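Only one chain is included here, represented as structure tokens and corresponding to the form solved without the DNA.
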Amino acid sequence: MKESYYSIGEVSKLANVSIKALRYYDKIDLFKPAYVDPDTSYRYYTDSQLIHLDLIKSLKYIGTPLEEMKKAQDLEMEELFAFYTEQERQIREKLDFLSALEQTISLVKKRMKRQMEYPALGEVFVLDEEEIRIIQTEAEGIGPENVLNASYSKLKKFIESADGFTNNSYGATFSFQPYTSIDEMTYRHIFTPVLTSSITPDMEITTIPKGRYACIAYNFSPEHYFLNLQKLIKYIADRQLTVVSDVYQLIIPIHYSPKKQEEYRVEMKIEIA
């Protein structure tokens, strides 16, 4: 019937925008009071131009940046359409990522869980397992009393570029033999399990196949280690069982605290038939 005018404070109530976001939009010339009373010299918003806030508010909401808010501003139906197909494209990445992290977190937990719900601790059992993909490298010379955390550098600067996470555990293998002394053993390999390219030759992506495994788990102590190994041996022996794998070792910290003492969780598997 006639044009209606509103003050910045009045537009802030109609639209649900702060009278601060309003000036910001005016200053970067995204939304400007279309009118200016010559007497007061104050600027008034026009009822007509409000419609323009609709786009600005939906875009802000989806976190769209400035220079795309101005770009989309001049797009008519068709273009503006492909504009969103481009937004649903960007939200997806954000979506697949969070959906990715989510798995690598439930995955990290299924493992912490088992550890916690161990049938018996420091005893031997035969449970079936599954294909645990692993990145491996050679533990040349390094043994159960030689390995360093830095021995697993390269292996971890990988699990990260795939999982972003580091490694749940520190793996290592060795031949199943009837050892008598600790210095009788040397690691064949050292590995870290993968949770999900340009892998260098000195490394091998492989796995810990599935089947029956004779495992024993216990919380570390510089002396339960060997004893527990032997007892796995013996168990396998007292059953006349056919071992078809190296011995798999998985150390994993109970906590990552500076205040307290080093505390690890050890588990040793051997695929038996």
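Residue indices: 1-based, along the sequence shown.
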| property | result |
| --- | --- |
| Count class of coordinate-free deposited residues lying between the neighbours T196 and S197 | 4 to 9 |
| Between the two ranges 133 to 141 and 73 to 81, the one averaging a larger CA B factor in the entry | 73 to 81 |
| Mean temperature factor over C-alpha atoms, higher-scoring stretch between 254 to 262 and 5 to 13 | 254 to 262 |
| Of the residues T207, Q240, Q49, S245, the one carrying the largest Cα B-factor as recorded | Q240 |
| Top Cα B factor in the deposited entry, candidates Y61, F31, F226, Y45 | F226 |
| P178, C-alpha B-factor rank within chain (lowest, middle or highest third) | middle |
| Entry-reported Cα temperature factor of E160, expressed as the chain third it lands in | highest |
| Chain third (lowest, middle, highest) by recorded CA B-factor, residue given as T192 | lowest |
| CA B-factor ranking of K27, expressed as a third of its chain | middle |
| B-factor third for the C-alpha atom of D202 within its chain | lowest |
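The form solved in complex with the DNA is left out here; the points below concern that form.
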item: Proximity of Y44 to the DNA in the entry with it bound, heavy atoms at 4.5 Å; value: yes
item: 4.5 Å heavy atom contact, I19 to the DNA in the entry with it bound; value: yes
item: Contact label in the entry with it bound: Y264 to the DNA, heavy atom within 4.5 Å; value: no
item: Distance check, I8 to the DNA in the entry with it bound, heavy atom within 4.5 Å; value: yes
item: In the entry with it bound, the one of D238, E223, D39, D54 near the DNA [non-hydrogen atom within 4.5 angstroms]; value: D39
item: Answer option from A34, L227, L66, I62, heavy atom within 4.5 Å of the DNA in the entry with it bound; value: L66
item: In the entry with it bound, segment of 215 to 223, 24 to 32, 230 to 238, 202 to 210 with a heavy atom within 4.5 Å of the DNA; value: 24 to 32
item: Interface residues of 86 to 106 toward the DNA, as seen in the entry with it bound [heavy atoms, 4.5 Å]; value: none
